[PDB]
Every structure is written in structure tokens, then in C-alpha cells.
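This report refers to the structure that appears directly beneath it.
2 protein chains.
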Amino acid sequence: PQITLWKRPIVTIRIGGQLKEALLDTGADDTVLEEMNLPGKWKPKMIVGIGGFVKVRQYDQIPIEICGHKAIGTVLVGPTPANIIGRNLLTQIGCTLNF
Amino acid sequence: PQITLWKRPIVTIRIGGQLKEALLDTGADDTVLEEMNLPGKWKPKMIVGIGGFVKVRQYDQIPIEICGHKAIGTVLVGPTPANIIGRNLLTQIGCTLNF
Ligand SMILES: CC(C)CN(C[C@@H](O)[C@H](Cc1ccccc1)NC(=O)O[C@H]1CO[C@H]2OCC[C@H]21)S(=O)(=O)c1ccc(N)cc1
Numbered sequence: 001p002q003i004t005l006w007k008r009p010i011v012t013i014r015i016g017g018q019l020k021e022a023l024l025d026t027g028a029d030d031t032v033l034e035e036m037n038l039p040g041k042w043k044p045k046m047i048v049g050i051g052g053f054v055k056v057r058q059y060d061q062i063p064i065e066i067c068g069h070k071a072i073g074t075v076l077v078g079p080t081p082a083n084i085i086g087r088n089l090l091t092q093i094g095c096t097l098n099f
Numbered sequence: 001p002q003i004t005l006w007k008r009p010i011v012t013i014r015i016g017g018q019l020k021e022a023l024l025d026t027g028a029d030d031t032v033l034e035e036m037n038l039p040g041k042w043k044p045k046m047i048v049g050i051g052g053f054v055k056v057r058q059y060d061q062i063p064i065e066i067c068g069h070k071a072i073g074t075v076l077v078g079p080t081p082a083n084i085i086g087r088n089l090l091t092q093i094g095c096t097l098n099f
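Protein chains in written order, with the deposited numbering: chain B, 1 to 99; chain A, 1 to 99.
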């Protein structure tokens with residue numbers, strides 16, 4: 001699809017058997033989701049945003065479907081005000097900016 | 001141009017007679033720049049990011065050139081760890097997501 005930016009680029013994703021909504025966020029290096037349960041090992045990570053540093057849990061090689069496209073990659077989980085799909089997963093579904 | 005997302009989508013902008021770099025950020029409603037001087041009236045505004053609420057100054061109808069495209073729009077100024085061009089200005093230069 002071609003998504004214009006008059007509205008937030010929110011799409012439906014499926015992960016760990018749940019349907020959630022998330023932001024396609026080219027300003028994010030990494031995908032970060034609101035608190036949820038994921039299986040397997042995780043390591044503590046820190047990220048920075050507007051507001052400062054935030055502590056998160058990193059899970060790797062997590063299957064996720066994004067607006068109909070299936071992907072596998074790293075997912076961070078923590079106290080984000082928004083589910084965001086960052087560049088690490090946007091590249092997996094062939095997402096680009098165009099103008 | 002078509003910009004892939006293996007790297008941060010950083011472009012050169014010109015604003016208040018300065019050249020700066022900024023991130024094309026579909027996950028931002030609003031354009032937010034690191035501390036700088038702009039002419040005219042400004043109102044205090046609050047935004048939220050990953051690390052909480054942040055107080056910023058809002059300036060309206062500011063000319064800005066972004067990767068060669070001229071635009072006019074609202075610019076927020078405050079303690080952001082990055083210059084970010086948000087949807088309010090991405091729409092002005094005809095920027096879309098495609099996958
Ligand atoms: C500031 C950027 C370098 C990075 N941010 C991504 C950014 O797109 C966030 C993404 C975002 C979105 C909503 C809430 C928090 C963070 N947007 C944001 O801070 O924008 C603010 C300015 O305009 C407003 O519109 C939306 C929030 C406001 S970030 O959320 O802090 C971030 C940092 C690292 C990762 N891996 C993921 C996300």
C-alpha cells in the first residue's frame with residue numbers, strides 16, 4: 001500500500017497470538033511495544049527518546065505479522081506510550097519513504 | 001527520492017538561516033528541533049514521547065527547506081535528543097510510506 005501521513009500510520013499487527021495496533025515509525029531504530037508477554041530469553045536494554053532514557057526488555061527472533069506481511073525480528077517491550085514498529089522491522093516488509 | 005530504512009532517514013534541512021540535519025519521522029505528529037532561536041511569538045506546548053512528557057515552545061508558520069523541498073509549518077523547540085521532522089511537515093513535501 002501507499003500510506004499518506006495526514007493521519008498516524010497505524011496498522012494492525014499480530015504477535016504472540018494477539019492482535020494489536022502499532023505505529024509505522026521511521027524515527028525509531030527498534031520496534032518497541034507496550035507491556036506484554038513474550039516467550040524465551042530476553043536481555044535488559046536501554047533506549048532514548050523525547051523524555052529521556054527508558055529501560056526495556058529485548059527479545060530476538062520473534063515472529064510478527066505487520067499489515068499482512070510476515071516478519072521475524074527483535075522486539076523491545078517496556079513503558080512506551082505507543083506500540084511502534086521501528087526500522088528493524090520496517091525493512092523486513094520492504095517499507096520505504098518516497099517524496 | 002526513495003529512502004530505504006536500513007539507515008536512519010536523515011536529511012539536511014535549512015531553517016532560520018541555519019543548515020541542520022533531521023530525521024524523517026513518521027512516528028512523530030509534530031516537528032521537534034533541538035534548542036535554537038526562531039523569530040516571532042511562541043506558545044508553551046506539552047508533548048509526550050517514550051520517556052514521558054516534555055515541555056516545548058511552539059512556533060507557527062515557520063519556513064523550512066527539507067531535502068530540497070520548501071515548506072511552511074509549525075516547529076516545536078525543546079530538549080529532544082534528535083531533530084525530527086514529523087507528519088505536520090512530511091505531508092507538506094508529499095512524503096508517503098510504501099511497501
Ligand atoms: C525521538 C526519536 C529519535 C525516537 N522516538 C521515535 C519517535 O518516532 C517517537 C514515537 C512516539 C510516538 C508516540 C509517543 C511516544 C513516542 N515520536 C515522538 O517522540 O514524537 C513526539 C513529537 O510529536 C508527537 O507525536 C507523537 C509523539 C510526539 S522514540 O519513541 O523515542 C524511540 C526511540 C528508540 C526506539 N527504538 C524506538 C522509539
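All C-beta atoms, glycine included, are put in the ideal place defined by N, C-alpha and C.
Practice prompt. With 9 Å as the limit, tell me which residues of the segment 69 to 82 of chain A have their beta carbon closer than that to any beta carbon of chain B; keep them in chain order.
Written response: Result list: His69, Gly78, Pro79, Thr80, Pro81 and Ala82.
Worksheet item: Under 8 Å Cβ-Cβ, which residues of chain A neighbour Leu24 (chain B)?
Response: The answer, in chain order, is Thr26, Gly27 and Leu97.
Practice prompt. Give a yes or no on whether the minimum CB-CB distance between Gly52 (chain B) and chain A is below 8 Å.
Written response: Among the residues facing chain A, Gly52 (chain B) is included, as its CB has a counterpart in that chain under 8 Å away.
Item to complete: Enumerate in chain order the residues of its own chain whose CB-to-CB distance from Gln58 (chain B) is below 7 Å, with the five nearest sequence positions on each side excluded.
Response: Here the set comprises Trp42, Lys43, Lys45, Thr74 and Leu76.
Worksheet item: Does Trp6 (chain B) come within less than 8 Å of chain A when only Cβ atoms are used?
Response: Under the Cβ distance rule, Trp6 (chain B) counts among the residues neighbouring chain A, one pair being separated by less than 8 Å.
Worksheet item: Can you list, in chain order, the residues of the segment 38 to 51 of chain B whose Cβ is nearer than 9 Å to any Cβ on chain A?
Response: Under the 9 Å Cβ criterion, the segment 38 to 51 of chain B contributes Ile47, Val48, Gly49, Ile50 and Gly51.
Worksheet item: When burial is assigned at 16 or more other CB atoms within 10 Å of the CB, is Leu19 (chain B) buried or exposed?
Response: Classification for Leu19 (chain B): exposed.
Discussion item. Among the candidates A:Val48, A:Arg87 and A:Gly78, whose CA atom is the shortest distance from the CA of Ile72 (chain A)?
Written reply: Nearest Cα to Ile72 (chain A) within the set A:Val48, A:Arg87 and A:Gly78: A:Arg87.
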